[PDB]
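Chains A, B, C, D, E and F, in that order, are what the protein sequence lines are. Just so you know, we're using PDB author numbering here: the first sequence kicks off at 1 and counts up by one. Just so you know, we're using PDB author numbering here: the second sequence kicks off at 16 and counts up by one. Just so you know, we're using PDB author numbering here: the third sequence kicks off at 13 and counts up by one. Just so you know, we're using PDB author numbering here: the fourth sequence kicks off at 27 and counts up by one. Just so you know, we're using PDB author numbering here: the fifth sequence kicks off at 453 and counts up by one. Just so you know, we're using PDB author numbering here: the sixth sequence kicks off at 402 and counts up by one. Even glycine gets a Cβ: it sits at the ideal position worked out from N, Cα and C.
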Amino acid sequence: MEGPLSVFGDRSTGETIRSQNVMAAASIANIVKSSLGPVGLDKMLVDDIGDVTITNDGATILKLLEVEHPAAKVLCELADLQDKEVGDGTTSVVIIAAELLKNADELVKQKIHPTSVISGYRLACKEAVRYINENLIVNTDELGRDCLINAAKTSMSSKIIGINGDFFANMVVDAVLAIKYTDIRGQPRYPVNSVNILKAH
Amino acid sequence: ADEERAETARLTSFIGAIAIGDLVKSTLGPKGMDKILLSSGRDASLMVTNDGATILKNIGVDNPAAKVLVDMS
Amino acid sequence: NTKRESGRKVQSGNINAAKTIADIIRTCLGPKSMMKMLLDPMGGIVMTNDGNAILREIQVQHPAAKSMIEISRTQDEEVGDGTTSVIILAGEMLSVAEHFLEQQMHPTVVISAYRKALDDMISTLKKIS
Amino acid sequence: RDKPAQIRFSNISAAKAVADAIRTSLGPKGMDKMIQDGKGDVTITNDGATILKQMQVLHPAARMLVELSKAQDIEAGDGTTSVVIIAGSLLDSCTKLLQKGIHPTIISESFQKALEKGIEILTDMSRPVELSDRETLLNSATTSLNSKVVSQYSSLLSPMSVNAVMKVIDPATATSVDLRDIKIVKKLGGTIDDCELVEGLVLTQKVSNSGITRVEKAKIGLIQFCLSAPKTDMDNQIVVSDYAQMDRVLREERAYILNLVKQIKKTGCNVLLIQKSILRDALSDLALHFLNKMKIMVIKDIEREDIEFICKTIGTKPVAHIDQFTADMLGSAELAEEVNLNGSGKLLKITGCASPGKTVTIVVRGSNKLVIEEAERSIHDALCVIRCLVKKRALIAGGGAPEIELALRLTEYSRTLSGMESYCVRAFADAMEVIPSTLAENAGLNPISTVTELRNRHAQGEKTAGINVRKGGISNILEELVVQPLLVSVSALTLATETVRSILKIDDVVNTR
Amino acid sequence: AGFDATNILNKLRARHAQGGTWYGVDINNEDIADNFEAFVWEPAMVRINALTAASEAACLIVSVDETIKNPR
Amino acid sequence: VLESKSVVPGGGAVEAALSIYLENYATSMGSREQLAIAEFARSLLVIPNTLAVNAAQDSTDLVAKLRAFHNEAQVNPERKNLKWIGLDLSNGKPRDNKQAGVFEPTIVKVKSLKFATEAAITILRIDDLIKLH
C-alpha cells in the first residue's frame, strides 16, 4: 500500500492505487526476465525456511508465490492458464503483459470511446497474426533444406552435449515417420511418445 | 457523590434542551425542513420521520434537564 | 511472501554466507588442523574439524548455507570422505570469481568459464595419476 | 448551531467521494479489486451493478447508494448502476450552492422542479414505440443483450423475452407487469438453447428419486397438515427401550402411511406440495417415499416464493387432514411433470392452471452451474427492457446519453424560469455532463484534457445528436440501436431526486441511544 | 489552440505517412490543417538555426557529469 | 510444425520483426489508434533484448545487428533469406540457421500475443471499486 488508508483491501483511490498495482505487476515479470528462454537461469524460492525448490520455468515460479494484490493475482493465473494450454510461451507471456497493463490504463482513460481504445490493441495483434500466417521463411520442416533431416540437425547443434546433428539428426526423421497413427487435429500429426527410445550403456 | 455547581447546572440545562429542540423545530409549522433520523447506535438504519413523537423518544436523553421535557410533551 | 531484490545485490549475499564457513575448514583440512568452536544456545562446548556438524546444530541461512549442508550429505553416502573438501571449494570459487567479473559485467560468461576449468582439470589431474 | 453546518458538508463529502471512486462505469476502466475485508475474507468483484447492491457500509449518507440501486431494479431492471452515478452529480451541485448562500431547504425544492421539467423533455425527444408490438420490442431486447456479456446466446434470448412478457401484459401505458408475476427459476441441465417458456405457473423445488408422474391430470396440493400414525400424532401404547421394540413401532408407523397415500391419490393428486414449517415433522420422512409410489410429487421445507405464487394465481387454499379427508379447496391443474433434461434436474410444471390473466414462468437452463448464470443475467435484463415499455412506453438514447443531452435543453428552461430554483437546476445541467468524463478519469494518468473534450463533442451535435456511449463517434443517438426505454432514465432521475434531497433536509446531530 | 495535445500530434504524423505534406497545428487559426496553404510562411532559416543551436547546447550538458566547483 | 503449415521463427524473433511493421501501420492510421498500436509494438522489441542479457550478449548488441536486415521494402514474408527475421535464442545473436528447434511455430506464437493483451483488458474490466467491511 501507499496513499491514504481511509479504506482498505487494495483501495486508496486516485493515482496512488494504480501506481501500487503496476509496480507489483512488474516485480513478477522481472523474476521471469532472467528465467526467459532455453538460456533461463535457476532461481531459489524458499517455501517456508526449511525448504527450497530450484526452478527455471516461468509458470512454476509464479505458482509458489504469495499474491496479495489484484494485479498480482490476474498475472499468475495468466501464466498458469498458458501452462495448461501448451506450456510453451510461459516465460514470455508475463514479460510483455507487465508493460501492456501500465500503458493501457493511461490510453483507455484518454478515451474517445473505451471500446475503441481496446480495439486498437486488437488491430495490432490482427496484423501480427496475419503476418505469422503468411510467413514460411524460417522454421519450415516440410519444405526444409533437407526437410525433417535439416530441422533435426540444427536442433541438436543448438542443444549440443558432444557431437550431435550427426547420427542424432537421422533419429528425429525416423521416430515421427515410425508412427503411422494419424491424429487429425488440423492436418495429420503423429505422437512422439508412441515411439520407443532406449538407453544402452 | 458528584456535585455540579451553581453556574454549570444552568448551562447543561440550556444546551441539552436546545439540541433536542432543534430536532422537532424543522417539521413544525408549514412545509420547511424535515427530519430523517439516523440510527446507528441501536441498529443500523435510516428512518423517515415527521412526527415529533418518533424523533424525541427514539433518541435518548442523558442530559438530566432534557428528560423532564420529553416526558411532559 | 514475495521479496524482490535483483542482480549483483543478491550475488554478494551469497559470498557473505559461503566464505565464513569455508575459512576455518580451509585450515582444518590438511595434516595440520584447527577447531571450529560452537557456543551453543543451551551452552556447553562442541568442537569439530567438520563445518557441517556445527551448521546443523545451529545456524542455517537461505543461500549458501543450505546448499553446503545438502551437497556434503550426498558426498558421505558416495565415497565417505571429502565432506570437508566440498564446502571449501564451493565458497573460494564463488568468493574470488564473482566480484571482478561482475564489475566488468558478465555473469553468464563466468558460468561458461566454470566448464572450461572442469574440462581442463579432469585431463591434467589424470595424467599425473 | 454548529451541528447543522458541519454535518451537511461531511455527509455530502463522504457519499460523493465514494461516488467518485464508483464512477468508473461503462466499458473497461479503473483497476480491479481483490479485497481484504474487515473480517479477514478474500473477495473478488467485477461489475458495477452487482457491487452496489452488495456494498456494506455504515455511513448513513452512503447507505442511500446501496438501496437506490435496488428500487431501480424493481421498476426498470435497467439502469441500476446508472442511477447512482447521476445521484452523485446532484451532490456536486449541493456544495457550490451552500457557498453561494442558498439555503438547504431551497436546494430540496429545486430537485422537484428539475424532475418535473426534465422528464417532460425526455418524453419530447423520445420516439414512441408500441408496447404490444413485437418488432420494436425485438430490436430493443438486442440492445440490452449485446451490451451484456452475451453476443452469441443473444440470438435465442431476444424472441423468448417478447413472448414471456406477452403472457402477463395489460394493454395500457399504466403500471403493470412485474417480477412478482414473472417467475424466474434455475434448473441444472438443459442448455441455453433449451430454455423453456411455460405460459402457466412452474415452481422450482426438488423431487425425490426419478420414476414419477410426467403425464397429464393432477389436482395441485397446498397442504398444511402432519399425519396421524403410531408415534406421530395418533396413540400407541408401545413404549421402546430396545432396538427391537424400536423396530416394531416404526414398522406399524410406515405401514399405516402406505394406506394413507391412497386417499391422497383418490383426490386426483399427482402433485402435492407440503408446507414450509412443520407442526411436528409435517408429513414424515417416511411419508415422502410412499407418496413417490402413488405417483405424487414432494417438497418439504418449501421456499417462500412458491407459497406466494400458488395461492395467488391458482387460488389454491389449505385442506383438512387425510383421515378426515381433504376439503377440496384446491385449484385446477392438468400437468405433473418432473423435468429431467440431459441427466439432471428435478422440477414441477403446472399446466391448465387457472390464472388471473397474469403470471408467466421462464425456466433457465444450462449444462453447468456457471452456464446457467450466463443465461440468467442476460435474460433478466432482456425481459425487463420490454417490461419497461408496458409500464411506460417509448425509446430515448441509451447508455445514459439523454442525461448529457437533457443538460442543453434544460439550461434554457432554468433561465427563462427565473426563480430562486433556476440557479440550482442550471448548475445540475453542467454536472450531468461530467458523467462520461468522470467515468474515464480515475483509470489512468493525464486526466484534464480528455475530460473537457467529451462534453464538447456531445453538446455541439445539438438537441438531436452527440457522442454515443456504446460506439463513440458523433452520430444521431435517438434511434441507431443505442436506445433504452423512457422508463429507465425518468426512473433514474426520480429516485435520485428523492434520496439526495433527504441529506439536505436534516439538522443537528442525531444518533439513537 | 485548445485541444488534447497528445490526440492531435498523432493525426499530423498520419498525413506525413499519407502524403508528406505540411500538416501541423495552427494557432494562427486555432485548427489543424496544412500551414503552407494557410499562409503560415516564415523562413527556412529560423528552423536551420534552432536545430543546430539546440544540438550544440545539448551535447555539452550530457558530456559533463564531473563538476569541480570552487566557492572561493 | 505438421499441424500448422504456416510457421515463423518463434520465441521473441517474430516479435522483433513485427515491432517495425506495427509501427509503420500505427503512424499511417493516426489519431488515438496510433498510440494503441505503437505501445503494442514497442513491447515486442523488448523481449529478445532481455533474453540476450541472460546469455550475456546484451541488449545493445542485439537490436543493432537485427533492425538493419528489416527495411521498408523488406517487409516481405518471402520463403528465403534476403533479409533475416529469425534469431537463435541460445546463441543470443542472429545467425542464418533457419530451422533451429529454438523456433516455435504459429500455434504457440498467436496465443502468446492474445494472452499478453488480455491482461490489460481484464484488469480494466472492473466497473466500480468498493471496500467491504
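- Here the alpha carbons of D:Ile-304 and D:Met-320 stand approximately 23 Å from one another.
- Ranking D:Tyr-179, D:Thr-121, D:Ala-31 and D:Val-224 by CA distance to the CA of D:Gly-378 puts D:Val-224 first.
- A Cβ-Cβ distance of about 16 Å is found for the pair D:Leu-157 and D:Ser-184, leaving them out of contact under the 8 Å criterion.
- Of all residues in the stretch 105-120 of chain C, only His-118, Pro-119 and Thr-120 come within less than 7 Å of chain F when Cβ atoms are compared, listed by chain position.
- D:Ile-145 is positioned such that its CB atom lies no closer than 7 Å to that of D:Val-495.
- Under the DSSP definition of a beta bridge, C:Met-105 lacks any partner.
- Interface with chain D (7 Å Cβ-Cβ cutoff): E:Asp-456 is included.
- Comparing alpha-carbon positions, the option among A:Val-173, A:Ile-61 and A:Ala-26 lying closest to A:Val-195 turns out to be A:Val-173.
- Straight-line spacing of the CA atoms in A:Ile-179 and C:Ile-100 works out to 52 Å.
- Sequence-ordered contacts of the stretch 516-527 of chain F with chain D read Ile-522, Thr-523, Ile-524, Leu-525, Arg-526 and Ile-527 [C-beta pairs closer than 8 Å].
- In the three-state reduction of the DSSP assignment, E:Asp-478 falls in the strand class.
- Of all residues in the stretch 445-467 of chain D, none is placed with a Cβ closer than 8 Å to any Cβ belonging to chain E.
- Note on geometry: alpha-carbon atoms of C:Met-54 and C:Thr-96 lie some 26 Å from one another.
- Partner residues in a beta bridge of A:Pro-191, as assigned by DSSP, do not exist.
- The residue among D:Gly-105, D:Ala-31 and D:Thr-71 with its C-alpha nearest the C-alpha of D:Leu-521 is D:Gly-105.
- Residues of chain A with a Cβ closer than 9 Å to the Cβ of D:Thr-476 are, in chain order, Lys-109, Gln-110, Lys-111 and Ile-112.
- Along the stretch 477-511 of chain D, the positions whose C-beta sits under 9 Å from a C-beta of chain E are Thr-478 and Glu-479, read in chain order.
- C:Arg-85 does not reach chain A, its nearest Cβ partner there being about 14 Å away, counting only Cβ pairs nearer than 9 Å.
- When CB distances to chain C are screened at a threshold of 9 Å, the residues of the stretch 452-472 of chain F falling below it are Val-454, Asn-455, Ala-456, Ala-457, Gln-458 and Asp-459, in chain order.
- If you draw a 10 Å sphere on the C-beta of A:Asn-150, you find 16 or more other C-beta atoms in it, and that means buried.
- Per DSSP, the beta bridge partners of A:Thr-53 are A:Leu-45.
- In this structure B:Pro-79 is exposed. Its beta-carbon is surrounded by fewer than 16 other beta-carbon atoms within 10 angstroms.
- Pairing A:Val-129 with F:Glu-424, the inter-Cα distance amounts to about 15 Å.
- For the stretch 153-177 of chain A, the set of residues with a beta-carbon nearer than 9 Å to any beta-carbon of chain C is empty.
- When secondary structure is reduced to three states using DSSP, D:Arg-240 falls in the strand class.
- When C-beta distances to chain A are compared with 7 Å, the residues of the stretch 14-25 of chain C below that value are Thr-14, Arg-16 and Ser-18, in chain order.
- Rounded to whole angstroms, the separation of the alpha carbons of F:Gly-493 and E:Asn-459 is 38 Å.
- According to DSSP, residue pairing for B:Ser-60 in a beta bridge involves B:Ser-54.
- In this chain, the alpha helix (DSSP H) harbouring A:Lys-126 covers 114-134.
- D:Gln-125 counts as exposed, since fewer than 16 other C-beta atoms from the protein chains shown sit within 10 angstroms of its C-beta.
- For B:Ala-24, the uninterrupted alpha helix (DSSP H) run begins and ends at 21-40, by DSSP.
- For D:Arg-391, the enclosing beta strand (DSSP E) starts and ends at 386-392.
- Among the residues facing chain D, F:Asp-489 is not included, as its CB has no counterpart in that chain under 7 Å away.
- Inter-residue distance for C:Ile-140 and C:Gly-63 is about 30 Å (C-alpha atoms, whole angstroms).
- For F:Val-509, the enclosing alpha helix (DSSP H) begins and ends at 507-525.
- A contact is defined here as three or more CB-CB pairs under 8 Å, and the stretch 289-309 of chain D meets this definition with respect to the stretch 357-376 of chain D.
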